[PDB]
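Okay, so here's the structure we're looking at.
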Amino acid sequence: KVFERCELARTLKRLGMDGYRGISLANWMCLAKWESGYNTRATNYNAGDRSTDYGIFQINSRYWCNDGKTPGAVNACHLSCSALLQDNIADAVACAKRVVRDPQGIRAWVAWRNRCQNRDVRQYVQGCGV
Ligand SMILES: CC(=O)N[C@@H]1[C@@H](O)[C@H](O[C@@H]2O[C@H](CO)[C@@H](O[C@@H]3O[C@H](CO)[C@@H](O[C@@H]4O[C@H](CO)[C@@H](O)[C@H](O)[C@H]4NC(C)=O)[C@H](O)[C@H]3NC(C)=O)[C@H](O)[C@H]2NC(C)=O)[C@@H](CO)O[C@H]1O
Ligand SMILES: CC(=O)N[C@@H]1[C@@H](O)[C@H](O[C@@H]2O[C@H](CO)[C@@H](O)[C@H](O)[C@H]2NC(C)=O)[C@@H](CO)O[C@H]1O
Ligand code: NA
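In case it helps, our numbering puts the sequence shown at residues -12 to 117.
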């Protein structure tokens, strides 16, 4: 499913992502836009590691979900990776909260670092009334 910007913003707000671990909703929205284009079906295979990034937040199988085919991986979110390719994003949100709590924090997300860091991100939430 491809979420519309404000639809996702509303959802994330409701699921308490606004200010989570001090991260603003605008940052979370920026992250989702550049990681997957707000697409729950997005997958990215990393041929040089045999890991896969899944869903709206592009959560990596080496550490966070079990996909059964990533060599030497762990499953810190205690979820099948398949659960991150769903229309309901409650599981993806719970996992993103776990991810941000690792030492690295929001730096775990490469697209965030490249397109959102050190920028004014108010645009990803404009006109959403969140
Ligand atoms: C080819 C490419 O770049 N593809 C991108 C994906 O890599 C990327 O997903 C992110 O992948 C990185 C690298 O594996 C991963 O970062 C790792 O995170 C783990 C878990 O937090 C770290 O291990 C922890 O380290 C701390 C301190 O060293 C320990 O205290 C702790 O015990 C460890 N945790 C666990 C559970 O064991 C790794 O050190 C760290 N590695 C690096 C190099 O930073 C990110 O978490 C992945 N991000 C997400 C959201 O899954 C994907 C998304 O950015 O994008 C592709 O482009
Ligand atoms: C212009 C734009 O919003 N592009 C979106 C892409 O960012 C996104 O591709 C992702 O790009 C990230 C860097 O911007 C990469 O870190 C990441 O590997 C890549 N994700 C995938 C799944 O390839 C795509 C993906 O849906 O959507 C574009 O709209
Ligand atoms: Na795994």
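We put the CB at the ideal spot given by N, CA and C, even for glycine.
For residue i: DSSP bridge partner residues
i, result
"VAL(-11)", "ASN26"
"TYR7", "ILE10"
Expected contact under 8 Å - CB spacing of residue i and residue j to nearest Å
i, j, result
"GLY42", "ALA79", "5 Å"
"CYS115", "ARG(-8)", "7 Å"
"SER38", "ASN26", "Actually they are not in contact, since the Cβ atoms of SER38 and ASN26 sit about 19 Å apart, beyond 8 Å."
"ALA(-4)", "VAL87", "With 8 Å as the limit, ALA(-4) and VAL87 do not qualify as a contact, their Cβ atoms being about 18 Å apart."
"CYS68", "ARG85", "Contact doesn't hold; Cβ gap of about 14 Å is too wide."
"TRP15", "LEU(-1)", "6 Å"
Minimum C-alpha distance to residue i - residue among the options
i, options, result
"residue 149", "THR(-2), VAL(-11) and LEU12", "In the structure displayed, the chain extends from -12 to 117; residue 149 sits before or after that span and is not available."
"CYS52", "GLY35, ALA81, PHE(-10) and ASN75", "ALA81"
"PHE(-10)", "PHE44, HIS65 and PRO90", "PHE44"
"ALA34", "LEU18, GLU22, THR(-2) and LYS56", "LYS56"
"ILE76", "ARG28, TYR7 and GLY6", "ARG28"
"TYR32", "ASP54, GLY3, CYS17 and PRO90", "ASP54"
"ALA19", "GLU(-6), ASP36 and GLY9", "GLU(-6)"
"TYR7", "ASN105, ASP74 and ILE93", "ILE93"
"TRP96", "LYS(-12), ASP5, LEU2 and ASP40", "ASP40"
"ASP89", "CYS17, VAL117, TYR50 and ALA60", "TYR50"
Alpha helix (DSSP H) segments (min. 4 residues) lying fully within the region 20 to 105: 77 to 87 and 97 to 102
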